[PDB]
Each structure stands twice: as C-alpha cells, then as structure tokens.
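entry-v4.pdb follows; it contains PDB, C-alpha atoms.
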ATOM      1  CA  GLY Q   1     -54.736  17.981 -54.664  1.00  0.00           C
ATOM      2  CA  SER Q   2     -52.923  14.906 -53.405  1.00  0.00           C
ATOM      3  CA  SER Q   3     -53.307  11.182 -53.960  1.00  0.00           C
ATOM      4  CA  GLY Q   4     -51.576   7.938 -53.062  1.00  0.00           C
ATOM      5  CA  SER Q   5     -50.634   5.719 -55.979  1.00  0.00           C
ATOM      6  CA  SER Q   6     -49.294   2.293 -55.087  1.00  0.00           C
ATOM      7  CA  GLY Q   7     -50.185  -1.187 -56.277  1.00  0.00           C
ATOM      8  CA  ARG Q   8     -50.421  -2.373 -59.864  1.00  0.00           C
ATOM      9  CA  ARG Q   9     -51.809  -5.514 -61.456  1.00  0.00           C
ATOM     10  CA  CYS Q  10     -50.892  -7.239 -64.698  1.00  0.00           C
ATOM     11  CA  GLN Q  11     -51.901 -10.490 -66.353  1.00  0.00           C
ATOM     12  CA  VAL Q  12     -49.271 -12.939 -67.541  1.00  0.00           C
ATOM     13  CA  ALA Q  13     -49.659 -13.477 -71.268  1.00  0.00           C
ATOM     14  CA  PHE Q  14     -46.695 -15.829 -71.376  1.00  0.00           C
ATOM     15  CA  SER Q  15     -45.681 -18.451 -68.841  1.00  0.00           C
ATOM     16  CA  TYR Q  16     -42.149 -18.138 -67.518  1.00  0.00           C
ATOM     17  CA  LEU Q  17     -40.212 -20.759 -65.593  1.00  0.00           C
ATOM     18  CA  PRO Q  18     -37.777 -19.448 -62.973  1.00  0.00           C
ATOM     19  CA  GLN Q  19     -34.352 -20.890 -63.691  1.00  0.00           C
ATOM     20  CA  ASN Q  20     -33.409 -19.740 -60.211  1.00  0.00           C
ATOM     21  CA  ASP Q  21     -34.760 -19.829 -56.677  1.00  0.00           C
ATOM     22  CA  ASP Q  22     -35.214 -16.072 -56.744  1.00  0.00           C
ATOM     23  CA  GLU Q  23     -37.410 -15.686 -59.801  1.00  0.00           C
ATOM     24  CA  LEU Q  24     -41.147 -15.683 -60.408  1.00  0.00           C
ATOM     25  CA  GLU Q  25     -43.085 -18.312 -62.319  1.00  0.00           C
ATOM     26  CA  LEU Q  26     -45.294 -16.652 -64.906  1.00  0.00           C
ATOM     27  CA  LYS Q  27     -48.311 -18.643 -66.032  1.00  0.00           C
ATOM     28  CA  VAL Q  28     -50.700 -17.535 -68.750  1.00  0.00           C
ATOM     29  CA  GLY Q  29     -53.546 -16.216 -66.632  1.00  0.00           C
ATOM     30  CA  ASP Q  30     -51.436 -15.408 -63.597  1.00  0.00           C
ATOM     31  CA  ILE Q  31     -51.705 -11.921 -62.150  1.00  0.00           C
ATOM     32  CA  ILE Q  32     -48.644 -10.327 -60.595  1.00  0.00           C
ATOM     33  CA  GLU Q  33     -49.195  -7.308 -58.379  1.00  0.00           C
ATOM     34  CA  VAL Q  34     -46.478  -5.042 -59.726  1.00  0.00           C
ATOM     35  CA  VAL Q  35     -44.938  -3.683 -56.547  1.00  0.00           C
ATOM     36  CA  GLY Q  36     -42.003  -1.979 -58.220  1.00  0.00           C
ATOM     37  CA  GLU Q  37     -39.456  -2.354 -60.995  1.00  0.00           C
ATOM     38  CA  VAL Q  38     -36.212  -4.305 -60.999  1.00  0.00           C
ATOM     39  CA  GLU Q  39     -34.525  -3.188 -64.198  1.00  0.00           C
ATOM     40  CA  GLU Q  40     -35.230  -2.257 -67.798  1.00  0.00           C
ATOM     41  CA  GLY Q  41     -37.524  -4.986 -69.070  1.00  0.00           C
ATOM     42  CA  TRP Q  42     -37.646  -6.440 -65.578  1.00  0.00           C
ATOM     43  CA  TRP Q  43     -40.345  -5.540 -63.081  1.00  0.00           C
ATOM     44  CA  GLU Q  44     -41.080  -6.615 -59.528  1.00  0.00           C
ATOM     45  CA  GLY Q  45     -44.387  -8.005 -58.319  1.00  0.00           C
ATOM     46  CA  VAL Q  46     -46.041 -10.752 -56.307  1.00  0.00           C
ATOM     47  CA  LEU Q  47     -47.292 -14.082 -57.600  1.00  0.00           C
ATOM     48  CA  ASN Q  48     -49.924 -15.348 -55.193  1.00  0.00           C
ATOM     49  CA  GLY Q  49     -48.006 -14.019 -52.214  1.00  0.00           C
ATOM     50  CA  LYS Q  50     -44.715 -14.990 -53.812  1.00  0.00           C
ATOM     51  CA  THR Q  51     -42.248 -12.444 -55.137  1.00  0.00           C
ATOM     52  CA  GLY Q  52     -39.430 -12.167 -57.649  1.00  0.00           C
ATOM     53  CA  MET Q  53     -38.110 -10.356 -60.699  1.00  0.00           C
ATOM     54  CA  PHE Q  54     -39.925 -10.990 -63.958  1.00  0.00           C
ATOM     55  CA  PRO Q  55     -39.867  -9.671 -67.533  1.00  0.00           C
ATOM     56  CA  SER Q  56     -42.452  -6.975 -68.142  1.00  0.00           C
ATOM     57  CA  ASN Q  57     -42.195  -7.801 -71.827  1.00  0.00           C
ATOM     58  CA  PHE Q  58     -44.278 -10.929 -71.373  1.00  0.00           C
ATOM     59  CA  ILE Q  59     -47.390  -9.561 -69.709  1.00  0.00           C
ATOM     60  CA  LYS Q  60     -50.295  -7.217 -70.332  1.00  0.00           C
ATOM     61  CA  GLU Q  61     -51.116  -4.377 -67.968  1.00  0.00           C
ATOM     62  CA  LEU Q  62     -54.714  -3.835 -66.928  1.00  0.00           C
ATOM     63  CA  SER Q  63     -56.356  -0.470 -66.371  1.00  0.00           C
ATOM     64  CA  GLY Q  64     -59.922   0.793 -66.255  1.00  0.00           C
ATOM     65  CA  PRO Q  65     -63.073  -1.347 -66.362  1.00  0.00           C
ATOM     66  CA  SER Q  66     -61.294  -4.082 -68.280  1.00  0.00           C
ATOM     67  CA  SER Q  67     -62.912  -7.395 -67.427  1.00  0.00           C
ATOM     68  CA  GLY Q  68     -63.290 -10.678 -69.273  1.00  0.00           C
TER      69      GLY Q  68
END

With the file now loaded, output its structure as structure tokens.
Amino acid sequence: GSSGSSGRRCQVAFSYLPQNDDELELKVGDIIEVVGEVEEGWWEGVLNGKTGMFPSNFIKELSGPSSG
C-alpha cells in the first residue's frame, strides 16, 4: 500500500495585494495550487503560474466532488 500525494488546490475567498515583489496576489475566485507551506498561517502555492507566500487564513480548501 503506497501512494503519491502532491498538489493541492484552494480558492481565494479574500483578495490580497502583495506589498512586495515576492508575494502572491489573492483575488476572490483565484485558485492557488498549494505546493507547500511557508510558515504558520502562510502557505506556498502558484497563482496562474506565478508563485509566492500567501496567508492560508484567507482561502478555502477544496476536497471531494465540490463544484459550483
């Protein structure tokens, strides 16, 4: 019994403007592919190819057959 878990998706519930040139720009409706985790309350993902540290306290994970 072995599996390979890698690649997560989450929808941005709150838009976030990057005050730096190393942050991600969250936009209500945006989906960041959680690649890893920066720090407590901060996760790491991709925003349409982009990448940067963002707060995981302003999104909403998505699992199972959860569609709009």

For the PyMOL selection byres ((chain Q and resi 49) around 12), applied here, can you spell out every residue it catches as a VMD selection string? chain Q and resid 24 30 to 35 45 to 48 50 to 52

Of Q:44, Q:37, Q:65, Q:57, the one nearest to residue 23 in chain Q when counting all atoms listed in the file is Q:44

Using only C-alpha atoms for the distances, tell me which of Q:17, Q:41, Q:9, Q:22 is nearest to residue 60 in chain Q. Q:9

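Distances from Q:54, Q:26, Q:4, Q:10 to residue 66 in chain Q were compared using all atoms listed in the file, and the smallest one belongs to Q:10.
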
Contacts of residue 28 in chain Q at 9 Å (only C-alpha atoms; same-chain gap of 3+ positions) as a PyMOL selection string: chain Q and resi 11-16+31+59

Report the distance between CA of residue 61 in chain Q and CA of residue 18 in chain Q in Å, rounded to one decimal place. 20.7 Å

One decimal, Å: what's the distance from CA of residue 38 in chain Q over to CA of residue 62 in chain Q, could you say? 19.4 Å

Pairwise distance, CA of residue 43 in chain Q with CA of residue 25 in chain Q, equals 13.1 Å

Closest to residue 53 in chain Q among Q:7, Q:1, Q:36, Q:27, using all atoms listed in the file? Q:36
